Ligand SMILES: Nc1ncnc2c1ncn2[C@@H]1O[C@H](COP(=O)(O)OP(=O)(O)O)[C@@H](O)[C@H]1O
Ligand SMILES: Nc1ncnc2c1ncn2[C@@H]1O[C@H](COP(=O)(O)OP(=O)(O)O)[C@@H](O)[C@H]1O
Ligand code: BEF
Ligand code: BEF
Ligand SMILES: [Mg+2]
Ligand SMILES: [Mg+2]
């Protein structure tokens, strides 16, 4: 009554390069399994059980793996396998600050469709907690090395529950009963047998199965250093080894006797090669005793598996954005000191600059104070944004595992990550603008304050987007901080406030127009000097910091009369020598309006999110 | 013939706070074990087996744990347990880029003394690889999620081999046979039984022991939600449960039947409390049927355990510095792109500044170019040093595990970390100095170049030491980058090149003298302007960037005669108006010599290494 599926794999061969020689990890491994059955992979530690499951689960790179994997006779595509399969790896990889039932509820919201209501998604998480036996750990965090949460065997069954909350057609489990006691290992294999007999293909590895667990496994494959040495039912184990020449006693464990003989054969002079040839003869000796695949999968969705076209994702992208946003918010509530310290250093930076640059005046040094305040404020904004570099990098391995089997789109991840960080950028922009606008004494009134909040927000948005893009380009957090800090220094050097645009060499002026700091710095200057007739050098301040010494006030008026004699222009003591428009001409802030400078800063932020998404399309897979 | 040891623990009680209610993780757990025996801890997943071993291994915090742990009747001190014991945790935590035999050789060099030669340390690693059964994985890296190395069961026995290469008196193993096949689990317990019968106390947890493994265990303790439900020999297990009321059949597994009944009792109305009271009665019926501890430990060292005073560390601190330096060098050879990209961004920063600030001249703008070059060069040096923040943070959990049982002193770690990073700081200082000294055209000749290399090196040394100190203060890499970037900005703001020392407010001048950038920036300025009569403003450059417009050359001489009329001083066209000594007076670089400025920069680096060491003395323990 379930839809029949036959997963077949033939001649699987995998080689790695010793780093320059070659080592064969899988050697000509064939086998098959049907729905309704559990195929168990056995063998010693290091025999290739994780490699054989990595080959079948589209986890080793194309071109590296030889041989063919089919489903119902037709080639099992990598695009189809992400839709219908799930993989519980040998190691657990969970978000540490979420609890057990929060973790299983996020995976239920990723993998179950909108046709199932939220009350019935919660009933499936509660029923999965009860039958996996982790009720006592349900409100406990996962934890990590620094934070104690659940036990190791409890973390194991959370990883099983992440991938069995929906009902996939193919299920790969790398050692699901490792770290489990004998009665909870039996509970897990009874759960996996129920999923099997509902119409699934189960392929699992297992190390020390008891006679209770081994009776639930329908097919066994024994590995020995990448070779198959046994394939068949558990009941055919005494009949196999009696034909090989080493019969099993009735009082000993049959899998314990098998791996004892196999390890002894590994140390022999002739190897396991006599057993490998004998197993090939044993498989050839037992061969002497309509609906296409996309239709059979769609007929299986109609029966209840993977809860008619086959959608690659269970939910629309906006349902996935809503789920990914709530998990990022929940990871931020559990570590409140991350946003709390980012808010604290921005407020302290604003308070320090408020006391240092207190109520700047219309003077020649009040201009250089304004230019140096805005250069410092814009520069620490972009350097603050470098703390966003480990955000993707500590999520990246979990992101690779979840997107390998279509829990959410990678576009939904980029959209959700840009949405969750934006309320904190608003709080940092408001905290910096209210501590510095009225205390430094910036111009514009209320509309000048409003533009000031907007261009700080665009700076944080542009800077975070660029640091996010470089986090998707580098693999390493230390490589990334070396590169971000260097490029942010080059954005500062060619911004226009270290050296002017007229002094930048011609072969560097392309990088001046790609400076991320240039356009918000040019926007706060036009917001500050927005009165084109406001006087900044009244004409006795012509000799403020000239290389003549310090001069008396009456003799500075002697020079004002004397320099009037030689240039023609009459400079009295109240003649304005530099207006707000003159400051913007000397700094070179003349090309764009402050609104176009704000628009370019917003547009750089959108460009780098798209480039980060394109880097998630080309890279960030964890193959082999 | 081995020295007798009796480890006894009584009334162990541990409570955690649900985060506000309280949960009892260990409840009145007593028991004892002797040398020559293996005490096995059994129970379901989540019953407290890791917590019971964490209590005995001095791993949960003092005050949190109640009850007493003794050794030969005397209280097992935390200072003595670090010397005589070792702990294999449930999770593996190894350096991923080292191979298997490199990892075991570093642990042999940490734990075996100088009286054992290096040839005999290598023979003990080769013999440990053979009897743990990991010969095939010996030249393979450990790996991590991103880099495929050894298998999971191979990584397990590396973690066992790290703590059994020396022969400790007490050995705690949290699930050593998890992830292991049945024949290599038997090989590990036979190795642990050999260590036991040479005079060690073995306390291990185990989940699914076969009848082969269970015959090697002398004492069992069964846990059920923090309570002891069984203590005794494996042979007394059918006699125990026949007296409780549920006898065991002779054809079933005795530990499988026990945990089946215990889990059924957990779901009953009355709980396991009848079994917990029955086990207390069962222990009381079996009570009816000279050399002090420091002398007994010293008599055990002379027998060969922990290969007469008892040294807290196997090696002198300079042997530990030599071992820790080689492991850091080996981790850097395996990731050459870390140093390669740090060298590349420094060379590129030096090349960019060489083309931008090419061969600066004696002009008023050539002074501001020199001041802005040196401000930029010193600032990117300290911001480059922020990439040292994850160096301790990705090593910290391994550092906590190794120093918890005295593999090396924490002082040796601080000394080795300051020694390994110093050759790379020399290469970065030489790369920046040769790309910028001759191209920007700095003064001094060869001795000015030599001081220039020294003050860049002192800047890198001072900046790295401070970022290292802040890495020991924060727990998080994102918290640390938020704090380092903010404080490096405050060092820049109060350095003296954004605003002068005369313009810094009086309530901030204490922080100006604590600015790390101030003293190397003041040292390169006195190296540059080291000729006190070198002319930078000749007397036609008095009106270079004055607010008068651009002026013809003949009419600037009209002003020079006109400004000579009003001040008395005759300023001709060749009259020097600003010397190199005048530039240093205007910038405020007058207090210290450039050699004392270099000495303070070196001294700040030594201060922050000491403060990082003091933070490793007070914190960086991973308790509970
Ligand atoms: N990328 C690799 N490079 C070098 N050796 C490898 C690599 N992957 C695996 N080996 C080896 O292949 C063998 C089998 O790998 P694995 O599948 O993880 O074993 P297991 O049977 O425990 O699952 C191991 O000895 C392992 O060290
Ligand atoms: N710090 C903790 N906070 C809350 N619950 C905890 C904490 N530590 C353990 N628990 C719980 O104590 C129980 C036993 O812990 P553990 O010793 O790790 O179990 P195991 O028997 O598998 O070794 C687990 O259910 C675990 O979730
Ligand atoms: F779940 Be515990 F590690 F037995
Ligand atoms: F060592 Be493998 F994980 F069996
Ligand atoms: Mg494996
Ligand atoms: Mg545990």
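Values in this text are rule-based calculations from the coordinates and carry no lab data. Please note: Cβ atoms are built from the backbone with ideal geometry, for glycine as well, and neighbour counts cover all protein chains shown.
To the nearest 0.05, how large is the calculated FRET efficiency for residue B:246 and residue A:269 if R₀ is 60 Å and r is the Cβ-Cβ distance?
The value I calculate is 0.70.
Could you pull the copy-to-copy label distances for residue B:32, with points set 7 Å along Cα to Cβ, in nm to one decimal and sorted shortest first?
Distances to the matching label points in the other copies: 6.4 nm.
May I ask you to report, in nm to one decimal and beginning with the shortest, the distances from residue B:287 to the same position in the other copies, taking label points 7 Å along Cα-to-Cβ?
Going from nearest to farthest copy, the values are 7.0 nm.
Order of A:481, A:413 from fewest to most other C-beta atoms within 10 Å?
Taking fewest neighbouring Cβ atoms as first place, the list is A:413, A:481.
Can you give the helix-only mean residue ellipticity at 222 nm for the protein assembly as shown, where every DSSP H stretch with n ≥ 4 adds -39500 (n - 2.57) and the sum goes over all residues, rounded to the nearest 500 deg cm²/dmol?
That calculation yields -16500 deg cm²/dmol at 222 nm.
Of A:384, B:177, how do they rank once you tally other Cβ atoms within 10 Å and put the fewest first?
In order of increasing Cβ crowding within 10 Å: A:384, B:177.
Compute the separation of the alpha-carbon centres of the range A:533-586 and the range B:354-420 and state it in Å as a whole number.
If we compute the Cα centre of each part, the gap is 45 Å.
Evaluate the distance, in nm, between pseudo-label points positioned 7 Å from the Cα of residue B:120 and of residue B:308 along their respective Cα→Cβ axes.
1.4 nm
Fewest to most neighbouring Cβ within 10 Å: what's the order for B:450, A:261, B:26?
Arranged by neighbour count, lowest to highest, B:450, A:261, B:26 become B:450, A:261, B:26.
Shortest first, in nm, what separates the label point of residue A:243 from those of the same position in the other copies (7 Å along Cα→Cβ)?
So the distances to the same position in the other copies read 5.2 nm.
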